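Participant: Read top to bottom, the protein sequences are chains A and A'. A prime marks a further copy of an entry chain. So in PDB author numbering, spot 185 of the first sequence is number 185, and the numbers just go up one at a time. So in PDB author numbering, spot 64 of the second sequence is number 64, and the numbers just go up one at a time. Using N, Cα and C, we set each Cβ at its ideal position, and we do this for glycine too. One structure is given below, represented as structure tokens, and several questions about it will come after.
2 protein chains.
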Amino acid sequence: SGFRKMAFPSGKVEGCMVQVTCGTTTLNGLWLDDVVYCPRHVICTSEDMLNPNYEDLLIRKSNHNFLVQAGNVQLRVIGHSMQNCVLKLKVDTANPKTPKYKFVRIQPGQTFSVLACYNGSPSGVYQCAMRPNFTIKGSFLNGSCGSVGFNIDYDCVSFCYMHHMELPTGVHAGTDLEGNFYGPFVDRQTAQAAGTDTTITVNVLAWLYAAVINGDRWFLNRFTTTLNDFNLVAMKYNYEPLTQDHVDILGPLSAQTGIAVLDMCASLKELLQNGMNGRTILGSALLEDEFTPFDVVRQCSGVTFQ
Amino acid sequence: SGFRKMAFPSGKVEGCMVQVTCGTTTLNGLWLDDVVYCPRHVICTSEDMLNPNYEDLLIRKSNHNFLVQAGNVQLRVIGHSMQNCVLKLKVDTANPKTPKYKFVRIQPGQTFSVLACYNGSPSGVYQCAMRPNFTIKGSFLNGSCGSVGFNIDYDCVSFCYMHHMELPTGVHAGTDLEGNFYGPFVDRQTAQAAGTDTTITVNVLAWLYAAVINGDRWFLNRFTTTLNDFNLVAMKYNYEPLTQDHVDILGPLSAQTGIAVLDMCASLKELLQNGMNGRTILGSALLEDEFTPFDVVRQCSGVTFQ
Ligand SMILES: Clc1cccc(Cl)c1N=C1NCCN1
Ligand SMILES: Clc1cccc(Cl)c1N=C1NCCN1
């Protein structure tokens, strides 16, 4: 019993974190086999970041200018290339701690764990979600760039995020491990603002199921609804529209609890319309949307790794 | 920027988790040097747990009855002893992955990370606090017993909790690594109920400082208060009394922000008296008390490990 915002165990990623220094700048890189991945803005100075021409700035760089350090041990850089917004530094030693791994580009609403690092050193782990506006709400200070987001399935780390930028509103933007930004964001210090931070409806529903499984059930009501009626209310509250795909993925939690997906939607509708009146659900006073259906099953089941 | 419920990186503990089986029962143990620590109720059956005589049940056990497995590899048990509510199984191989470590008994209000495990395998990590009633609000299913709580300071893991019991109210109870329970709880399936879950006032204040550091400042007001006046309100809201020790430990956050501890107390007082009126602080609709002052400094600073 109990339901917690839970990150994946981070050891497998911890063994891949290194420090990358180019000139005056130091951030984190990810060492997988004989390649180190990091944000290409390592090559920029603070001034460069208003309008960088990365291809021109890169001309001035040679392998020996990228200082890569794994713990107290220096790695030899034998090649480098730019792929979209990441650098790939080829080193002469394969990381002996490389886990099984994959690079995934996730969809908005999907959750992942972040290992926050500074100077190649892990500082903490927490769970995040790719918001529908393609930001994440993280905890990143100067030097955390190159920290990564990831999921683990049995013994295989699926890397999905690399941290690059803090927007002036305090939210965060980054890339997949091929270096393509999530959303419209760019690695320049310019006027970029996040769109509407809509609520991830399927995740709220999943979390409500989690609550019922754990004895928080005061919000269950006598009502039901339809997809179209529920979405009229969702839209009004800046909730993502619920689709039949979404209903289907809630099927297993529906089956375990005996509460039809649309009956749960009617509970959510009343919560949106009447608030919580000072009550709590799973220790929260607002409706949590950073747990996916798979997350809820996983944690309510006890699936483990490696 | 950003402030998140953050656990310590878990790799160092992950390398210490093993599976312990005695008879029909399997839970987790902690392998440090040549000793494996686990809950002594591994030796009980489900029936035994109404009124176990551990000393008598142990007479029937020999080294070869405790099956200890590290990944796919069996460890040889060459001795065993009971220390309060934990077993210490001596094995013939020292864990090559033993980190630097200490056993600490923590005080209520102190926070720590938990690595939830099943069958010796890590499933997830999350941050917890030792409640003032000596429970923790965790996420533990059957087979998670022997999962541990810990803090990390530079390269040294301070183990402070081992998980043992779920109370009928869904909260959790456990021991330090010498096997003494936190609080009045016992390892028997009996009528034990948690006392009042009071709110950890110094932690709420710390978190409010964290909020100001990150731009959430709507709750700052024109008022101040005194320790005695604030505690009259704290008591009414089942908040722990604030002491001068507490004020002193908030000193550094006071200095960084320029907000006197007692002025912040006056903000907290108004929040307690008038609620939040549908607003949020650091993404929460209630007052978070599972971040210590040290936690807030740590995360707002970027301290790293090993
Ligand atoms: Cl397995 C592999 C794939 C691609 C490149 C290298 Cl160098 C590889 N070799 C190692 N990676 C981890 C230790 N050896
Ligand atoms: Cl360092 C120590 C302290 C106590 C007992 C043993 Cl067996 C020790 N040896 C090792 N622990 C980790 C690897 N070797």
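Residue 188 of chain A to residue 142 of chain A, Cα distance in whole Å?
Facilitator: Translated into positions along the first sequence, residue 188 of chain A becomes position 188. Translated into positions along the first sequence, residue 142 of chain A becomes position 142. Answer to the nearest angstrom: the Cα atoms are 15 Å apart.
Participant: Does any C-beta atom of chain A lie closer than 7 Å to the C-beta of residue 174 of chain A'?
Facilitator: Taking the first residue of the second sequence as 1, we reach residue 174 of chain A' at position 174. Judged by the 7 Å Cβ criterion, residue 174 of chain A' is not in contact with chain A.
Participant: When we look at the beta-carbon of residue 12 of chain A and count the other beta-carbons within 10 Å, is it buried (16 or more) or exposed?
Facilitator: Locating residue 12 of chain A in the first sequence gives position 12, where the first residue counts as 1. Classification for residue 12 of chain A: buried.
Participant: What are the partner residues of residue 31 of chain A', as DSSP defines its beta bridges?
Facilitator: By 1-based counting over the second sequence, the position of residue 31 of chain A' is 31. Paired residues: A':36.
Participant: Since residue 112 of chain A contacts residue 160 of chain A with CB under 8 Å, what's their CB separation in whole angstroms?
Facilitator: Along the first sequence, one-based indexing puts residue 112 of chain A at 112. Along the first sequence, one-based indexing puts residue 160 of chain A at 160. Between residue 160 of chain A and residue 112 of chain A the Cβ distance is about 5 Å, and since that is below 8 Å, they are a contact.
Participant: For residue 137 of chain A', which three-state DSSP category applies?
Facilitator: As a working mapping, residue 137 of chain A' is identified with position 137 in the second sequence. The answer is coil: DSSP assigns residue 137 of chain A' none of H, G, I, E or B.
Participant: Take every Cβ of the stretch 167-174 of chain A, pair it with every Cβ of the stretch 50-64 of chain A, and state whether three or more of those distances are shorter than 8 Å.
Facilitator: Flag = no, the stretch 167-174 of chain A and the stretch 50-64 of chain A do not touch.
Participant: For the candidate residues A':165, A':246 and A':209, whose alpha-carbon lies nearest to that of residue 191 of chain A'?
Facilitator: Locating residue 191 of chain A' in the second sequence gives position 191, where the first residue counts as 1. Per the Cα distances, A':165.
Participant: Does the distance from the C-beta atom of residue 238 of chain A' to that of residue 198 of chain A' stay below 7 Å?
Facilitator: Counted from its first residue, the second sequence places residue 238 of chain A' at position 238. Counted from its first residue, the second sequence places residue 198 of chain A' at position 198. A contact, by the Cβ cut-off of 7 Å.
Participant: Buried or exposed for residue 154 of chain A, please, with buried defined as at least 16 other CB atoms from any protein chain shown within 10 angstroms of its CB.
Facilitator: As a first step, residue 154 of chain A must be located in the first sequence, where it is residue number 154. Exposed.
Participant: Figure out for me which residue from A:223, A:275 and A:16 has the closest Cα to the Cα of residue 100 of chain A.
Facilitator: For the purposes of this step, residue 100 of chain A is taken as residue 100 along the first sequence, with counting starting at 1. Out of A:223, A:275 and A:16, A:16 has the C-alpha closest to the C-alpha of residue 100 of chain A.
Participant: Residues in the same chain with beta-carbon distance under 6 Å from residue 308 of chain A', minus the five sequence neighbours each way, listed in chain order, please.
Facilitator: It is not possible to answer for residue 308 of chain A', since the shown part of chain A' is limited to 1 through 306.
Participant: Flag this pair as yes or no: are the beta carbons of residue 91 of chain A and residue 148 of chain A separated by less than 7 Å?
Facilitator: Here the question's residue 91 of chain A lines up with position 91 in the first sequence. Here the question's residue 148 of chain A lines up with position 148 in the first sequence. No, they are not a contact pair.
Participant: Identify which residue in A:88, A:82 and A:223 has its Cα closest to the Cα of residue 270 of chain A.
Facilitator: To locate residue 270 of chain A, count along the first sequence from 1; it is residue 270. When only C-alpha atoms are compared, the closest one is A:223.
Participant: So is the beta-carbon of residue 33 of chain A' under 6 Å away from any non-hydrogen atom of ligand 2?
Facilitator: The count along the second sequence starts at 1 and reaches residue 33 of chain A' at position 33. Yes - ligand 2 has a heavy atom lying nearer than 6 Å to the Cβ of residue 33 of chain A'.
Participant: Ignore the nearest five residues each way along the sequence and tell me which others in residue 82 of chain A's own chain have a CB closer than 7 Å to its CB.
Facilitator: The residue given as residue 82 of chain A occupies position 82 in the first sequence. Within the same chain, residue 82 of chain A has close Cβ partners 40, 54 and 58.
Participant: Give the residues of chain A' in contact with residue 166 of chain A, contact being defined as C-beta atoms less than 9 Å apart.
Facilitator: Locating residue 166 of chain A in the first sequence gives position 166, counting from the first residue. Chain A' residues near residue 166 of chain A: 1 and 2.
Participant: Use the C-beta contact count for residue 50 of chain A: other C-beta atoms within 10 angstroms, 16 or more gives buried, fewer gives exposed.
Facilitator: Translated into the one-based positions of the first sequence, residue 50 of chain A becomes position 50. Exposed, because fewer than 16 other Cβ atoms sit within 10 Å of the Cβ of residue 50 of chain A.
Participant: Around the Cβ of residue 84 of chain A, are there at least 16 other Cβ atoms within 10 angstroms (buried) or fewer (exposed)?
Facilitator: Counting from 1 along the first sequence, the entry for residue 84 of chain A is found at position 84. Residue 84 of chain A should be labelled exposed.
Participant: Residue 312 of chain A to residue 273 of chain A', Cα distance in whole Å?
Facilitator: A query on residue 312 of chain A cannot be resolved here, the shown segment of chain A reaching from 1 to 306 and no further.
Participant: Between residue 115 of chain A' and residue 32 of chain A', what straight-line distance do the alpha-carbon atoms span, to the nearest angstrom?
Facilitator: Taking the first residue of the second sequence as position 1, residue 115 of chain A' is located at position 115. Taking the first residue of the second sequence as position 1, residue 32 of chain A' is located at position 32. In a straight line, the C-alpha of residue 115 of chain A' is about 16 Å away from that of residue 32 of chain A'.
Participant: Return the residue from the list A:298, A:158, A:126 and A:7 that minimises the CA-CA distance to residue 213 of chain A.
Facilitator: For the purposes of this step, residue 213 of chain A is taken as residue 213 along the first sequence, with counting starting at 1. Here the closest residue by C-alpha is A:298.
Participant: Classify residue 176 of chain A' as buried or exposed, calling it buried when 16 or more other Cβ atoms lie within 10 Å of its own Cβ.
Facilitator: Residue mapping note: residue 176 of chain A' aligns to position 176 of the second sequence, counting from 1. With 16 or more other Cβ atoms within 10 Å, it is buried.
Participant: With a CB to CB cut of under 6 Å and the five nearest residues on each side skipped, what residues in its chain are close to residue 183 of chain A'?
Facilitator: Within the second sequence, numbered from 1, the residue matching residue 183 of chain A' stands at position 183. Closer than 6 Å at the Cβ level, and outside the excluded window around residue 183 of chain A', lie 134.
Participant: Which residues of chain A have a Cβ atom closer than 9 Å to the Cβ of residue 123 of chain A', listed in chain order?
Facilitator: Here residue 123 of chain A' refers to the residue found at position 123 when the second sequence is read from its first residue. Those within 9 Å of residue 123 of chain A' in chain A are 6, 8, 9, 298, 299, 302, 303, 304 and 305.
Participant: Look up residue 165 of chain A' in the DSSP assignment and say whether it is helix, strand or coil.
Facilitator: If you number the second sequence from 1, residue 165 of chain A' lands on position 165. If DSSP states are grouped into helix, strand and coil, residue 165 of chain A' belongs with the strands.
Participant: Could you tell me if residue 47 of chain A' is buried or exposed, where buried requires 16 or more neighbouring beta carbons within 10 angstroms of its beta carbon?
Facilitator: As a first step, residue 47 of chain A' is located in the second sequence; it is residue number 47 there, counting from the start. Label assigned to residue 47 of chain A': exposed.
Participant: Check whether the Cβ of residue 70 of chain A' lies closer than 6 Å to any heavy atom of ligand 2, and answer yes or no.
Facilitator: Indexing the second sequence from 1 puts residue 70 of chain A' at position 70. No, since every heavy atom of ligand 2 falls outside the 6 Å radius drawn around the Cβ of residue 70 of chain A'.
Participant: With a 10 Å radius around its C-beta and 16 neighbouring C-beta atoms as the bar for buried, classify residue 301 of chain A as buried or exposed.
Facilitator: On the first sequence, residue 301 of chain A is found 301 positions in, with the first residue counted as 1. When all chains shown are included, residue 301 of chain A counts as exposed.
Participant: Using 10 angstroms around the beta-carbon of residue 180 of chain A, count the other beta-carbons present and answer buried if the total reaches 16, otherwise exposed.
Facilitator: For the purposes of this step, residue 180 of chain A is taken as the residue at position 180 of the first sequence. With fewer than 16 other Cβ atoms within 10 Å, it is exposed.
Participant: Which class does residue 269 of chain A belong to by DSSP, given the choice of helix, strand or coil?
Facilitator: For this step, residue 269 of chain A is matched to residue 269 along the first sequence. Residue 269 of chain A falls in the helix class under three-state DSSP.
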